[PDB]
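Only one structure is covered here, and it is reproduced in the block below.
Computed over heavy atoms, backbone and side chain alike; hydrogens, waters and symmetry mates excluded. Order of the sequence lines sets the chain letters (A, B, ...), proteins ahead of strands, with each chain counted from 1.
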Number of protein chains: 2
Amino acid sequence: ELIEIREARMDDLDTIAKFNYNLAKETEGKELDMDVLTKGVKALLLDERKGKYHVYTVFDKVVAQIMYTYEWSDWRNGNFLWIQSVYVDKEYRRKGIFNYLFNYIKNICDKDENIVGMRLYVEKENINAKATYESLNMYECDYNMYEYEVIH
Amino acid sequence: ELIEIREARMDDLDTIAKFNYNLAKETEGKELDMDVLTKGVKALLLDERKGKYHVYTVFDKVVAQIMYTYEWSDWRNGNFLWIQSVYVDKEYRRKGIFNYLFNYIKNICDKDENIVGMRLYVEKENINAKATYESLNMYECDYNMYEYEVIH
């Protein structure tokens with residue numbers, strides 16, 4: 001194989017952490033604490049029940065990632081997949097990889113009757129999101145989110 | 001014990017399924033498929049990694065339930081807890097049970113340093129959600145949800 005999308009492996013840890021740092025910085029202004037983030041990526045790599053990373057590789061080099069978590073629906077007897085992140089290495093942009101990754105996940109959902117939907121949440125201030133997702137046949141839902149701020 | 005909140009057990013399957021059928025009818029105008037719902041509740045009861053039901057019992061009679069799932073955050077190295085349902089048997093309403101359950105889950109979140117937040121999503125049409133959640137210190141988030149229609 002020359003180009004493929006595959007499930008992440010444990011030794012993708014530091015590349016996935018790097019990509020997530022770059023993503024949070026580029027998109028949300030954030031400089032993530034690398035100890036916290038690396039722990040968080042490692043915990044997800046070690047527990048398939050928490051979600052999954054897939055990576056896009058070119059002659060074995062990891063150049064992009066997409067991450068999703070699960071929400072079990074009792075009412076529907078299956079999981080929604082919740083897409084939480086996507087990042088493409090700057091050297092490999094404008095080549096369709098973002099869409100390859102989303103379409104790969106769409107196919108996973110379509111081909112698994114144990115997956116009942118595919119969702120994500122994004123900041124309302126993100127100007128470009130509606131058009132990006134529209135292009136992928138993803139449309140805005142009729143829900144509001146609420147949160148309680150936990151403090152320890 | 002006379003009144004308590006406890007984790008659900010497999011014996012609670014039929015009652016939790018009935019409560020969820022009643023909930024979906026009363027709050028979303030839905031008539032759930034009982035074959036599918038029964039399977040979905042059983043699957044959740046059998047796998048603590050999918051989420052948890054807690055039930056409110058009175059002299060051993062289950063009279064209410066609350067259900068949550070998890071969302072792992074790699075950036076934060078912790079879980080958000082997502083409340084997916086709350087239901088109180090009609091013969092036990094107006095006695096504070098909804099809030100006992102909700103506050104029980106808030107306490108779980110505040111006491112566990114690895115829970116980073118507590119969230120839910122609700123239909124925009126639910127005219128009473130905002131006041132109900134605001135009274136519990138839960139406030140509307142600045143996100144939109146998107147979804148792909150999984151073609152099954």
Among A:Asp110, A:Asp112, A:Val150, which has the most heavy-atom pairs under 4.5 Å with chain B? A:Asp110

Checked A:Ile16, A:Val41, A:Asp142 vs chain B; the most non-hydrogen pairs under 4.5 Å come from A:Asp142

May I ask you to name which of B:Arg119, B:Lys111, B:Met145 has the most heavy-atom pairs under 4.5 Å with chain A? B:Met145

Under a 4.5 Å heavy-atom cut-off, does chain B meet the side chain of A:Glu140, its backbone, both or neither? both

Do the ring planes of A:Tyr121 and B:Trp82 sit parallel (below 30°), tilted (30 to 60°) or perpendicular (above 60°)? tilted

Give the C-alpha distance, both sets of side-chain angles, the deciding distance and a yes or no for side-chain hydrogen bond (donor to acceptor under 3.5 Å, both in side chains) between A:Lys130 and B:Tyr146. CA-CA 9 Å; A:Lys130 186 169 234 52; B:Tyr146 283 77; 2.9 Å; yes

Do you know which of B:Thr69, B:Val36, B:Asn79 has the most heavy-atom pairs under 4.5 Å to chain A? B:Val36

Beyond-backbone contact of B:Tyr53 with B:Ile66, side-chain heavy atoms, under 4.5 angstrom: no

Measure A:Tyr133 against the heavy atoms of chain B and call it side chain, backbone, both or neither at under 4.5 Å. side chain

Side chain from CB out, backbone as N, CA, C, O: work out which of these in A:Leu44 comes under 4.5 Å of a heavy atom of chain B, or both, or neither. both

Return the option, out of A:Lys30, A:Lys124, A:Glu149, with the maximum number of heavy-atom pairs under 4.5 Å with chain B. A:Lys124

Are the charged groups of B:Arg6 and B:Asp12 less than 4.0 angstrom apart, N to O? yes

Against chain B, label A:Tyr68 side chain, backbone, both or neither, depending on which of its atoms sit under 4.5 Å from a heavy atom there. neither

Between A:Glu134 and chain B, with a heavy-atom cut-off of 4.5 Å, which part of the residue counts as in contact: side chain, backbone, both or neither? side chain

Are there over 12 heavy-atom neighbours, none belonging to B:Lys95, within less than 6.0 Å of that residue's NZ? no

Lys/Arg N to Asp/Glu carboxylate O, A:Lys106 vs B:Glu147, below 4.0 Å: no

